[PDB]
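Chains as they are written, first to last, in the deposited numbering: chain A, 578 to 625; chain B, 386 to 481; chain C, 1 to 148; chain D, 1 to 148; chain E, 1 to 148; chain F, 293 to 331; chain G, 98 to 145. All C-beta atoms in this analysis are idealised placements derived from N, C-alpha and C, irrespective of residue type, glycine included. Read the structure below first, then the notes.
Here's what the structure looks like:
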């Protein structure tokens, strides 16, 4: 059936930032590194 | 073809299984009644009598499924009438 | 406080503007409301980045690069400077209301409409606030005598 | 020791201000506490970045770029430099009584703000009610013709 | 050898200083230990960054930017160049006896600091007690209105 | 990105010692001491 | 010998001045908070 609109893509970007000893440190993060997936991929989709 | 993927499904399910025990619907209305019992401290002859609140996730879910805002029919339940600026299928999905 | 990276480009620009012309005193007195001395408004710019964005938006000779730099550096002042940077475009005499000039005003009207409800509801509330004070007293006295 | 990146911007500006006027030299010698000679106060500037920031605050025309670049590259000096750099912003005799009269007004402003949304929503709604009625008629005409 | 980023700013600096005055050539030939010809000292500068920093220390007006740029690009030369370029300051005769009168009093300052908190906390407390009383009234009035 | 600036400006409930001292000593480092000469 | 204090800082740490609390709607307040308001209600100069 039309699977397309009853699901969305699977992608998320975020960042953490903290000032330690008056030095600002920033760590970016993607969606696949949190699942422990080595290969990044666009072909997955999550049902809503 | 839609190929199912285990692993990722199990990770998301294992995260959601503690979240479902701490966002139960029967533990929101007790907070509602505790808040409204605490802040009243009066007799309800005044303040325009009693008031009623009602929340229907089976309607919010259908608006999410149809990619509609759940907070546009709720704004229309006060005054009853709908707006003719939108199209015919939007008017139908609002009126149903 | 103000960011030093944008302050190094923002302070000498308005300093050169004040040294070029003294006619901006009425502008910085009416738009900001600060004290009339040139040191108090400069301290106000150095203290408040919203006041800094107002002083970069009040002129367009040399401060446009500093205004875009402050817009790229501090995104939280963007909507507030967009709100305070509003001049009601008077009229274009033709029929075609192109979105090169009127898009902000029609978007602002439609944002107020998304708040209120119907377009006729917005016009009705506009008129009800336009009305005289005495109609409120008339409605109150009819509701006091026992009618509703 | 002061960084070379700060020193390149700090030392020739101080030297240029001293060559422009020597009346600032006794002023900064009394403010910092060094010998009155330019060589001695320059040794103090090169030795201590707190003294460098104090000198770049005492000379105010040309030292703003060097002051903000020192504030960029030495972030740890900022609190102590702000503690040492303090002047009493002089208060007006009528300010507290003039302030006490506005409680009647600010409470109404904040209550209307809570009813509308944010202060940005209140400013945009006030601009929408201040905007002309021709725009309401024009947007009704576009909605009748089909433009949402 | 010497980095070209350093050399492009150092070589025309030393050559322009020689073209401005020739009496510094014998001075840097005696200080570094090269032949008194400008080709020899310039080849020494291009060959050795320690010799380059010694020349850029012997000429001081037109060579400060090049010296600080060499100090940026060559971190390994800094301690050796500071050890070679060292002149002991002269001491006043009365300095240590004048310092011995203050031991009774820096101890008083430290005993105040151990009670108050930081040295910065002592400075800010002394400023707050030196501050005018209308600011205390303004604090009490803003808390009286319901602002914190 | 999710901002944490509103969550950042907090305060910890301060509570006094029984004995004072050791206040400004937070960030100090003297040089390492040497050993005696050996023979 | 003061009855107002033992009412005010039970109103704070129970959340209700006049009405009873049910056995299920029981929350948690850390002792640092009750110390910080006890400092205001019953003042002294000795933390101990």
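- Check the Cα spacing between residue 80 of chain C and each of C:91, C:63, C:39 and C:49: the tightest is with C:49.
- Assignment of alpha helix (DSSP H) within the region 54-108 of chain E, counting only whole runs of 4 or more residues, yields 64-73, 78-84 and 95-99 in chain order.
- Annotated as distal: residue 32 of chain E and residue 24 of chain E, with beta-carbon spacing of 8 Å or more.
- Under the three-state reduction of DSSP, residue 438 of chain B is assigned to coil, being neither helix nor strand.
- A straight-line Cα-Cα distance of about 29 Å links residue 63 of chain C and residue 125 of chain D.
- Around residue 69 of chain E, the same chain offers 6 and 9 as residues with beta carbons nearer than 7 Å, after the five sequence neighbours per side are excluded.
- Judged by DSSP in its simplified three-state form, residue 15 of chain D adopts helix.
- For residue 316 of chain F, at least one C-beta of chain E is nearer than 8 Å to its own C-beta.
- Taken atom to atom, the span from the alpha-carbon of residue 138 of chain C to that of residue 116 of chain G is near 42 Å.
- As a beta-bridge residue in DSSP terms, residue 594 of chain A pairs with A:603.
- Among the residues of chain C, none has a CB under 9 Å from the CB of residue 144 of chain D; the nearest is roughly 11 Å distant.
- In the DSSP assignment, no residue is bridged to residue 123 of chain E.
- Not one beta carbon of chain A lies nearer than 8 Å to the beta carbon of residue 302 of chain F.
- Under the three-state reduction of DSSP, residue 584 of chain A is assigned to strand.
- A distance below 8 Å separates the beta carbons of residue 102 of chain G and residue 139 of chain G.
- For residue 623 of chain A, the pairing in a beta bridge is given by DSSP as A:585.
- For residue 612 of chain A, the closest Cβ of chain B is nearer than 8 Å.
- Chain-ordered listing is empty here: chain A has no CB closer than 7 Å to the CB of residue 324 of chain F, the nearest sitting near 22 Å.
- If you check the CB distance, residue 78 of chain D and residue 84 of chain D do not come in under 8 Å.
- For the set D:148, D:66, D:109 and D:130, the Cα lying nearest the Cα of residue 4 of chain C is the one of D:66.
- In the three-state scheme derived from DSSP, where H, G and I count as helix and E and B as strand, residue 24 of chain C is classed as coil.
- Rounded to whole angstroms, the gap between the alpha carbons of residue 61 of chain C and residue 16 of chain C is 11 Å.
- Interface with chain B (8 Å Cβ-Cβ cutoff): residue 117 of chain C is included.
- In the displayed model, residue 144 of chain C falls within a helix according to three-state DSSP.
- Contact fails between the region 114-130 of chain D and the region 41-60 of chain E, because fewer than three Cβ pairs, one in each stretch, are under 8 Å apart.
- For residue 129 of chain C against residue 56 of chain D, the beta-carbon gap comes to about 54 Å, at or over 8 Å, which does not count as contact.
- Here residue 131 of chain D is near residue 105 of chain C, since their CB atoms are less than 8 Å apart.
- The Cβ atoms of residue 419 of chain B and residue 122 of chain G sit closer than 8 Å to each other.
- For residue 594 of chain A against residue 623 of chain A, the beta-carbon gap comes to about 27 Å, at or over 8 Å, which does not count as contact.
- Of the candidates A:610, A:620, A:592 and A:615, the residue whose Cα lies closest to the Cα of residue 602 of chain A is A:592.
- Counting of Cβ neighbours within 10 angstroms places residue 466 of chain B among the exposed residues, the total staying below 16.
- At the C-beta level, residue 118 of chain E and residue 307 of chain F stay beyond 8 Å of one another.
- For residue 390 of chain B, the chain A residues whose C-beta falls within less than 8 Å of its own C-beta are 621, listed in chain order.
- DSSP places residue 44 of chain C inside the alpha helix (DSSP H), whose first and last residues are 38-47.
- Taken in chain order, the members of the region 447-460 of chain B whose beta-carbon sits within less than 8 Å of a beta-carbon on chain C are 460.
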